[PDB]
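mind folding the following:
(3 chains, ligands or ions: 3)
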Amino acid sequence: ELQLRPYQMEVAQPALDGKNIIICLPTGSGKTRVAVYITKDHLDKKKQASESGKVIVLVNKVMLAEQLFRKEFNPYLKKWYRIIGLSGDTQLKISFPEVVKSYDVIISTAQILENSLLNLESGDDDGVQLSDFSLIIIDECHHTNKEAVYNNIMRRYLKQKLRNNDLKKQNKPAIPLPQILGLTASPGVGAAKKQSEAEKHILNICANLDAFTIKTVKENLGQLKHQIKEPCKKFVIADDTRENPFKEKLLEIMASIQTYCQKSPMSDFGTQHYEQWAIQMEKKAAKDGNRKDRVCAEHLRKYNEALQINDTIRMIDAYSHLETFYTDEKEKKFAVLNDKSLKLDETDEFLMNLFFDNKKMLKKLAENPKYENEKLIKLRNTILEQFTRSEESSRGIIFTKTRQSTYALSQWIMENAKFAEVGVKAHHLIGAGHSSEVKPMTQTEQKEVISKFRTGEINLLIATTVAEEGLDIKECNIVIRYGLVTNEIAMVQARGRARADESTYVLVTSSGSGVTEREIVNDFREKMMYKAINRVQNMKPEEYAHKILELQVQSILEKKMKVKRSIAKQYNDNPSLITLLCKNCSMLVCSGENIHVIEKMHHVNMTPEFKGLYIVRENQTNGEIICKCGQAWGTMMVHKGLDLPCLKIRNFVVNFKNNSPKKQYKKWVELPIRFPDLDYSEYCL
RNA sequence: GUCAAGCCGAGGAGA
RNA sequence: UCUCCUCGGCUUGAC
Ligand SMILES: Nc1ncnc2c1ncn2[C@@H]1O[C@H](COP(=O)(O)OP(=O)(O)O)[C@@H](O)[C@H]1O
Ligand SMILES: [Mg+2]
Ligand SMILES: [Zn+2]
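Numbering: from 1, shown residues only, chains lettered A, B, ... in the order given. Ligands and ions are numbered 1, 2, ... in the order given. The coordinates are given below.
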């Protein structure tokens, strides 16, 4: 039933007899289909030889497992073989190693594999080896770089390859390694300023995958072009000539707080260097115990966030953001005040009497349809133009950086009627990150959105970086780029998603940022890498071989050194040689001896002395903890009945017993000293 | 069928 | 060395 194309045949041809190789063709050229044909050929070959053989497909995401368990492998190969798709959300029943030798055609998110490998290498948890396979197939090879996921697998593969080659000249017995087929669209250039460094990068990839060719289509090209096309590029620039009543109204507050602080930014309001200045200022102030300087740092950081979204989003969203923030703040203050406690503050009183007195005003200055936003009006024009031009023949995708962005966009495009009168149904899309003010999403919710859009029930999918790679849509036209430039790969992989006729690509930039600049940079890199590929394809085989062997050895030796600096590198097993203080206030909290651990992940104290100090701010089981001063400390945790209040070290501050170089660490794993697990013998009767 | 929390690794961007 | 964003994975719990 599965049908082929000609160029598919010629590009596949060498892989059909050994030849572990790489492929790169433009998006939507049957890469999956040619892979599927190679699967069928491989296994039929191994059976007609009466030999054993199995296949593992690797992706770098969680949708693609079921994407390709639904649409391309399973519908064609169900008859002759069993198939199974694995991800980070499919509740298995057996384990991974057992299904290595049960279903015979697997598909996996990557890290499942490496987990099982290092389990086989560390303990007796069953695990798996590479000799338990006959073929690895890869999608989106180009992530094979410095310390990525795929790279560890290929490091182990190359190590065993060199062992095989050392046994080539020492013994007869050697292990037959599995074949490797890599697929991509752009192997991509890793930050090279020239054509030659880019060539070197291609060779680094190819040696990190044990390649022999690339096999770009050149012969059967008319077939491609009559069958495949590209969109038309389009730039959309918009400049500001407004924002003096609102934006400057906030820069006013910034100057006011700085003149309350006596601290010079020495840079511009509304950027990242200003942020970094505030961050280091805060870290030093907490390293000094100085209040009045960390706190305006944190607030000015919030104002900078508000400005940076004001570069992208209306006044109203930032008003909402800081409304949530100071709402939480006043909640903490009232919770402290409402707990045999009488005291008042001077800083926080100043900040709040500075803000809330302008809260109503800024809400009044928020709602103004005149200067809503340049880029937003521009996309209104672009969108409505397209969705009027197509007459129900639309399928939309939108990209951006953050998620709060996406939520606001979906909300507001549900609000406005010019978008609803056309009936451009909308929904956003994100990866399962349980960290935001935003409400997170679920895997099943993601898949339902995929199905509703492929159904066409949604007309525009707002998507974060989960949606550059994959999402084999049947046919869509309109894709855009809301003020985002990362590299050449995101550009090309998004610019080729309109798998349909009369496709378009768009960028939406502000003139006050080097964005279209990097647009052109990525364009040049795209032109550059094809020339580099044409160079290496015409390379001599023996010279190619020598170079890839060099780079294999370089990758393996680099691992070893990165291992040498990580043998221990910090092994002071100093249990309680510290004191943890609060960070806002310089209030002592705990020592190291009262601390214990659960699950060898979570660090906690479980003594009444730490108990009778904090407050539980209400929304109910997982409660949030706060300080007496007003600092947030941690979250509750009900572990085996024990109501242990766990915390985050990033909120607290260090003070050693020896000489007190106060520091911040941002996470537990970084620091040297060790804490023990908690024997439950305590807290009994 | 629902929800919450924390931990870790990696990439990209910027400085 | 720092920051931001993003992604993938792992455990605990509650309905
Ligand atoms: N042999 C074939 N004949 C016709 N169309 C094909 C064939 N093989 C694949 N396709 C088309 O290719 C599309 C899949 O492209 P795909 O390779 O998944 O994109 P990407 O390369 O970005 O992963 C499908 O929509 C399908 O219609
Ligand atoms: Mg693909
Ligand atoms: Zn405190």
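
which positions in the helix or strand harbouring residue A:448 come out as buried?
When elements are assigned from DSSP states H and E, residue A:448 belongs to helix A:443-454. Across helix A:443-454, burial judged by 16 or more other Cβ atoms under 10 Å covers A:443, A:446-447, A:449-450, A:453-454. To be clear about C-beta, it is placed using only N, CA and C from the backbone, and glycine gets the same treatment.

contacts for it?
Where contact means Cβ atoms under 8 Å, 6 or more residues apart in numbering, the residues beyond helix A:443-454 that reach it are A:62-63, A:66, A:87-89, A:395, A:427, A:429, A:432, A:458, A:461, A:466, A:471, A:473-474.

elements contacting whichever helix or strand comes after that helix?
Counting by DSSP H and E, the next helix or strand C-terminal to helix A:443-454 is strand A:460-463. Applying 3 or more Cβ pairs under 8 Å, 6 or more residues apart in numbering; DSSP states H and E, one finds that strand A:460-463 contacts strand A:396-399, helix A:404-415, strand A:426-427.

sheet partners, orientation included, of the first one?
Yep, that's strand A:396-399 we're talking about. Applying DSSP bridges, strand A:396-399 is found paired with strand A:460-463 (parallel), strand A:478-479 (parallel).

just to revisit the earlier point, list just the nearest of the contacts of helix A:443-454 to ligand 1.
When the contacts of helix A:443-454 are ranked by distance to ligand 1 (Cβ to the nearest ligand atom), residue A:474 comes first, at 6.0 Å.

returning to that earlier point: can I get the buried residues of helix A:443-454 in a markdown table including distance to residue A:170?
Putting those into a markdown table (distance: Cβ to Cβ, whole Å) gives the following:
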| residue | distance to residue A:170 |
| --- | --- |
| A:443 | 49 |
| A:446 | 52 |
| A:447 | 52 |
| A:449 | 56 |
| A:450 | 53 |
| A:453 | 57 |
| A:454 | 55 |
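
for residue A:72, give me its contacts.
Going by Cβ under 8 Å, 6+ apart, residue A:72 touches A:32-33, A:36.

how does it look with 10 Å?
By Cβ atoms under 10 Å, 6 or more residues apart in numbering, residue A:72 lies in contact with A:2, A:30-33, A:35-36, A:472.

select only the buried ones of these in PyMOL?
To isolate the buried ones among the contacts of residue A:72 in PyMOL, judged by 16+ other Cβ under 10 Å, type:
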select buried, chain A and resi 30+31+32+33+35+36+472
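
count of residues packed around residue A:106?
Neighbour count of residue A:106, defined by other Cβ atoms under 10 Å: 24.

quick one: secondary structure of it?
At residue A:106, secondary structure determined by DSSP: H, G, I helix; E, B strand; the rest coil is strand.

which strand residues bridge it?
In beta-bridge terms (that is, DSSP bridges), residue A:106 pairs with residue A:56, residue A:84.

enumerate every residue touching it.
Contacts for residue A:106 (Cβ under 10 Å, 6+ apart) come out as A:54-58, A:65, A:69, A:82-86, A:96, A:99-100, A:112-113, A:133.

any idea which of the helices and strands packed on strand A:460-463 is most buried?
Of all the helices and strands packed on strand A:460-463, strand A:396-399 has the most neighbours on average by mean count of other Cβ atoms under 10 Å, namely a mean of 23.

hmm, it touching ligand 1?
No: Strand A:396-399 lies out of reach of ligand 1 by Cβ under 6 Å from any ligand atom, never closer than 13.5 Å.

please save the CA atoms from that strand in CSV.
The C-alpha coordinates for strand A:396-399 follow below in CSV (Å, rounded to 0.1, in the frame of the first residue of the first chain):
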residue,chain,number,x,y,z
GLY,A,396,-3.0,29.3,10.7
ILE,A,397,0.1,29.0,12.9
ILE,A,398,1.7,31.7,15.0
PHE,A,399,4.9,31.7,16.9
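
what about the residue of chain A found nearest RNA strand C, distance to ligand 3?
Closest contact between chain A and RNA strand C, by Cβ to the nearest atom of the strand, is at residue A:88 (2.2 Å). With distances taken as Cβ to the ion, to the nearest Å, residue A:88 is found 37 Å from ligand 3.

for that residue, which non-adjacent residue is spatially closest?
In this structure, residue A:88 finds its nearest non-sequential neighbour in residue A:62, 5.1 Å apart by Cβ to Cβ, 6 or more residues apart in numbering.

could you do residue A:506 as well?
Closest residue to residue A:506 apart from its sequence neighbours, by Cβ to Cβ, 6+ apart: residue A:480 at 4.1 Å.

count of residues packed around the one you found?
Other residues near residue A:480 come to 24 when the count uses other Cβ under 10 Å.

now residue A:111
13.

did I read that right, it in a helix?
Yes: under three-state DSSP, residue A:111 sits within a helix.

which one of the strands paired with strand A:396-399 lies closest to ligand 3?
Taking Cβ to the ion, strand A:460-463 is the member of these nearest to ligand 3, at 39.3 Å.

the helix or strand harbouring residue A:531: how far from the chain's middle?
Applying DSSP H and E as the criterion places residue A:531 in helix A:515-537. Remark: helix A:515-537 is offset 24 Å from the chain centroid, using Cα atoms, centre = their mean, to the nearest Å.

could you do stretch A:534-550 as well?
Chain-centre distance of stretch A:534-550: 34 Å, with Cα atoms, centre = their mean.

try stretch A:403-415
20 Å.

tell me the residues of the stretch 401-550 of chain A that contact RNA strand C?
With Cβ under 7 Å from any atom of the strand as the criterion, the stretch 401-550 of chain A comes near RNA strand C at residues A:401-403, A:430-433, A:435-436, A:464-466.

residues touching the most centrally placed residue in chain A, list them.
The centre of chain A sits closest to residue A:465, judged by Cα atoms, centre = their mean, with a distance of 6.6 Å. By Cβ under 10 Å, 6+ apart, the contact set of residue A:465 is A:399-401, A:430-431, A:484, A:486, A:490.

returning to that earlier point: list buried residues within the residues of the stretch 401-550 of chain A next to RNA strand C.
The neighbour count (16+ other Cβ under 10 Å) marks A:402-403, A:430-431, A:464, A:466 as buried among those.

can you tell me which of the residues you listed lies nearest to ligand 1?
When those are ranked by distance to ligand 1 (Cβ to the nearest ligand atom), residue A:466 comes first, at 15.3 Å.

excluding chain neighbours, what is closest to the closest one?
Residue A:466 sits nearest to residue A:431 (Cβ to Cβ, 6+ apart), 4.3 Å away.

so that neighbour sits right up against residue A:469, yeah?
No: in this structure, residue A:431 is not within contact of residue A:469 by Cβ atoms under 10 Å, at 11.7 Å.

who touches both of these two?
Residues touching both residue A:431 and residue A:469 by Cβ under 10 Å, 6+ apart: A:61, A:63.

neighbours of the closest residue to residue A:502 other than its chain neighbours, how many?
Excluding the flanking residues, the one nearest residue A:502 by Cβ to Cβ, 6+ apart is residue A:477, at 6.5 Å. Residue A:477: 22 surrounding residues under other Cβ under 10 Å.

now residue A:477, what are its backbone angles?
Phi and psi for residue A:477, reported as degrees, to the nearest 10, are phi -110, psi -60.

surely it is in contact with residue A:506?
No: Residue A:477 lies out of contact with residue A:506 (Cβ under 10 Å); the separation is 11.2 Å.

just checking, residue A:562 touches residue A:146?
Yes: Residue A:562 is in contact with residue A:146 according to Cβ under 10 Å; the separation is 9.5 Å.

that older thread, out of the buried residues of helix A:443-454, who's nearest residue A:419?
Nearest to residue A:419 out of the buried residues of helix A:443-454 is residue A:453 (Cβ to Cβ; 16.2 Å).

next, the buried residues of stretch A:165-178.
Here stretch A:165-178 shows A:177-178 as buried, counting by 16+ other Cβ under 10 Å.

kindly check the end-to-end length of it for me.
End-to-end distance for stretch A:165-178, by Cα to Cα, to the nearest Å: 15 Å.

contacts for that stretch, please.
Stretch A:165-178 is contacted by residues A:20, A:53-56, A:129-136, A:157-158, A:160-161, A:163-164, A:210, A:549 when judged by Cβ under 10 Å, 6+ apart.
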